[PDB]
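> these chains are from a complex, not moved at all, and more is on the way:
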Amino acid sequence: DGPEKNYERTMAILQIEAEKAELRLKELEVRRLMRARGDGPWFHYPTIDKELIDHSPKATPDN
């Protein structure tokens, strides 16, 4: 292989690896914030569904 092919092949390798490293660091930061704040799609632990509630008039009025 000529030196230009290897040289520019190296740049393509470096770009991919560098981009993956940045994404890996963001994921650790995103995961830290989602877990601490619970304001994202991850670490979304279930709560009771409100469509299970009966809204019709009950046998007695105070409720």
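Here it is on my side, so go on. Numbering: from 1, shown residues only, chains lettered A, B, ... in the order given.
> With adjacent residues omitted, what lies nearest to the most centrally placed residue in chain A?
Residue closest to the mean C-alpha point of chain A, counted by Cα atoms, centre = their mean, is residue A:42 at 5.5 Å. The spatially closest residue to residue A:42, leaving aside those adjacent along the chain, is residue A:34, at 4.6 Å (Cβ to Cβ, 6 or more residues apart in numbering). In short, each C-beta sits where N, CA and C put it, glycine included.
> Please report how far the one you found lies from residue A:48.
22 Å (Cβ to Cβ, to the nearest Å).
> and if you look at residue A:10?
Relative to residue A:48, and taking Cβ to Cβ, residue A:10 is found at 56 Å.
> who's more crowded, the two?
residue A:10 (10 against 7; other Cβ atoms under 10 Å).
> Now the more buried one: phi and psi?
Note on residue A:10: its backbone torsions stand at phi -60, psi -40 [degrees, to the nearest 10].
> here's chain B, add it to the model above:
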Amino acid sequence: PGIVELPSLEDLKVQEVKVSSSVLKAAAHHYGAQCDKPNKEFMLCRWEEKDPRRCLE
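Let me put chain B in with the others:
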């Protein structure tokens, strides 16, 4: 938390229907036909307000 508002003792006075359950039982069918309008207005208030203090009138 706040203080539970309550109507005064004289805001609750009224002439009570002092008859026994068998008297009401015997009159119930005509009573339901004759006093429907105020009765249903009161029951509408209770199920809407969900508060006995709000339907005293």
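> Contact partners for the residue nearest to the centre of chain A?
Going by Cβ atoms under 8 Å, 6 or more residues apart in numbering or on different chains, residue A:42 touches A:31, A:34, A:35.
> likewise residue A:62?
B:50, B:51, B:52.
> neighbour-wise, which of those leads?
residue B:50 (14 neighbours; other Cβ atoms under 10 Å in any protein chain shown).
> before we move on, back to that, report the entries of the contacts of residue A:62 that also contact chain A.
With Cβ under 8 Å from any Cβ of the partner chain as the criterion, the contacts of residue A:62 include B:50, B:51, B:52 near chain A.
> Nearest spatial neighbour of the residue in chain A positioned nearest to chain B, chain-adjacent residues omitted?
When scored by Cβ to the nearest Cβ, chain A has residue A:61 as its residue closest to chain B, at 4.1 Å. Sequence neighbours aside, residue B:46 is the residue nearest to residue A:61 in space, at 4.1 Å (criterion: Cβ to Cβ, 6 or more residues apart in numbering or on different chains).
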